[PDB]
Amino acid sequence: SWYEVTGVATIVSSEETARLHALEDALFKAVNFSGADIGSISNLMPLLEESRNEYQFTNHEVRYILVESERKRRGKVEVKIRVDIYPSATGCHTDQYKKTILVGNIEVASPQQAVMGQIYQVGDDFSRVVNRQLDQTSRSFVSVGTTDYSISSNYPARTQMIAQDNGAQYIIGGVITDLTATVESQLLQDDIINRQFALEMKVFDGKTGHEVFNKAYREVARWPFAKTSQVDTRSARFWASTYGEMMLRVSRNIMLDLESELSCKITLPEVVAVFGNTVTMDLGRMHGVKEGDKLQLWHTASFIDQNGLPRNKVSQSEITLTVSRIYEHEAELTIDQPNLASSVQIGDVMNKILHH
């Protein structure tokens, strides 16, 4: 995938070493954003010593470098390059802001299985628990609440709309497929009731509306109540019970599966609004955004490659932003180059700028 980046480096004693540092400056931006290994950049630099229009590399995430421009500007060397990168399947986006997840209300496929204890609302209550689990115990997620969301009747377009309205990058849906129980007799007739808890969970990408992954969970635990007892799945009493504890175990496993599956993915903040020199993004204090944070703006664009066909490229804008105000789940950023403010558009993406 192509990235268009720019770099700059002050000319001290040599225009040639300045050129190499500007190239490194630019490459870092592309490699970092792409999810490739920034540590492997040093291994490429010696090959850039000979000045050329284009470069090709083997055994490296960076495959091709096309230099568009290189000039001397106010005592500095500025470069603009196009880079084709293929990140390793082992790559991992680091120090990302937290991802916003929306928890759909978990449905009970067969209501009659909830007859015992009349726990028809167990799905809703479990979603509340999952929500709480993600918000206060996860490492990479911010849960923005629960809401009705079926995976039985699922359409990518409907999903995209739900996610957009709640600014979530992911939506978790689910269906409880088994709450059946079998009665047994250890010491007394029908003294033990073992109840199932089967849950099919699906996680959808808010952008595509397509499922990112799925997992089924099945557990069984003793139903610690007389079969005639009505149980309130909202009460602390229920959640402290053996069956409730088992569901809490599943909750933690869900959180772990989500972390293992999405933790390394990129969190890509987008412009949600622009007012003068101020931009608003839907990530805030809860996501790890801090007042000093610096971000780079990117635009998607098209170009003709060395083949003759149109290709998309992730293009780095000259625009960089500084977080000015932070709120719980959103933030305002001031554009560092106000003369360019009018070029910023809703939907443009940003990533955190790194020093190292």
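All residue numbers refer to positions in the sequence shown, first residue = 1.
- When 146-154 is weighed against 250-258, 146-154 comes out higher, by mean CA B-factor as recorded in the entry.
- Looking at 236-244 and 87-95 together, the entry lists the larger mean B-factor for 87-95, computed on C-alpha atoms.
- Of the candidates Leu309, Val62, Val323, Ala26, the one whose C-alpha carries the top B factor in the deposited record is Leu309.
- Set against one another, the Cα B-factors of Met281, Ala226, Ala163, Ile266 in the record reach their highest point at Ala163.
- In this PDB entry, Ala22 carries a Cα temperature factor that places it within the lowest third of its chain's modelled residues.
- Ranked by C-alpha B-factor against the other modelled residues of its chain, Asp293 falls in the middle third.
- In the PDB entry, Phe213 places in the highest third of its chain by CA B-factor.
- Per the PDB record, residue ranking by Cα B-factor puts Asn43 in the middle third of the chain.
- Among all modelled residues in its chain, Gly117 ranks in the middle third by Cα B-factor.
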